[PDB]
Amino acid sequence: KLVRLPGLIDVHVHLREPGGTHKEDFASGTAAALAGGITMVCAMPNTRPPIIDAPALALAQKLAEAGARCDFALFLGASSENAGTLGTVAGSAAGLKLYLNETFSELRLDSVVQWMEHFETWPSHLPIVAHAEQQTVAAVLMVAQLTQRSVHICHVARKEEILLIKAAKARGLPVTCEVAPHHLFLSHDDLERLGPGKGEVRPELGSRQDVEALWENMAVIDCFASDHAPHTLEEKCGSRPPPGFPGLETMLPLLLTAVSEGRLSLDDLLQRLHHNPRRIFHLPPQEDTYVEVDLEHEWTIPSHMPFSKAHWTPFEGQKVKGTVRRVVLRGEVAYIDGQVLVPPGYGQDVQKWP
């Protein structure tokens, strides 16, 4: 017997188009999404060119409309030059992304004053999300309070971070957060297997105590989001490995495994991959859209999943229980048992919908 889920939403993916299409493109990355039970993705702006102004957003919008197989929204990225320039296009984006630490991006902001300027100029009713690690979480929360608005923290990975967010929520501060599967299911213990190149990710893998703190504080986690960050094996295994893991095809199977073990409920999963993404990012429903999963199917993650061009995975060898059987998107069969059945371009920009 299958179980039917609503269309799941991943609010943090890297689809690499424009400019990195050997790693992934809209067509391959959204095929990976559908195979992972994801029918809507929010794509990060750290592409080449980066999505930091109106002409780059327009280009990316057309590339996504032509290549995407599931529906999508595109983030804008904050830069050191573009505060106060995004107002006419802000509503067409998923939100504004701030890169506040070193990672795979050229968009790091060098002064908290630049963060303040973005918080003051971006429309106050639209989302701001931040790459903000360790003390940077506290710093960006301070900027949010000074400008009296909300903030969403991307890929929370550490005990320190989740406890800070917990303390802020207890004081009634408007903060939400997401956690990525690798920070729930991998730790320092896995770095020997992965090696130093494959193991490169930001935030870095945490200790067992970090992983246990995230699970213990599940009530504080508003969303799961993959931070699907594909790079080729050649890049991961080379002399200057970029940080990031592919994850669209493995996120839901890993989480279903945890559900099967009683670590969280199916409702907990649906709040974090459907309802809270909708409400934090104001994302629309998808009509006649659902995901059919088999909760009982046991399998072992192989050395690469079928669709991502990354052609590797850090979860190789993990035993999982649960699999995606069929996805229907807006009344068309989009995926069945390893075959994607909607073409590049089927997907639509959800921010253009009524």
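Numbering starts at 1 and follows the sequence shown.
A summary of the deposited B-factors shows that, of 290-298 and 41-49, the stretch with the larger mean C-alpha value is 290-298. Judged by mean Cα B factor in the deposited record, 194-202 ranks above the other of 157-165 and 194-202. You'll see in the entry that, of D222, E249, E81, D227, the Cα B factor peaks at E81. For the set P277, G238, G95, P181, the maximum C-alpha B-factor listed in the entry falls on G238. Sort the modelled residues of the chain by CA B factor and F104 lands in the highest third.
In this PDB entry, the Cα temperature factor of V89 sits in the top third of its chain's modelled residues, the highest group.
Per the deposited record, the Cα B-factor of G77 falls in the lowest third when ranked against the other modelled residues of its chain.
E332 sits in the highest third of its chain by CA B factor, as recorded in the PDB entry. Looking at the C-alpha B-factors along this chain, the one for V324 belongs to the highest third.
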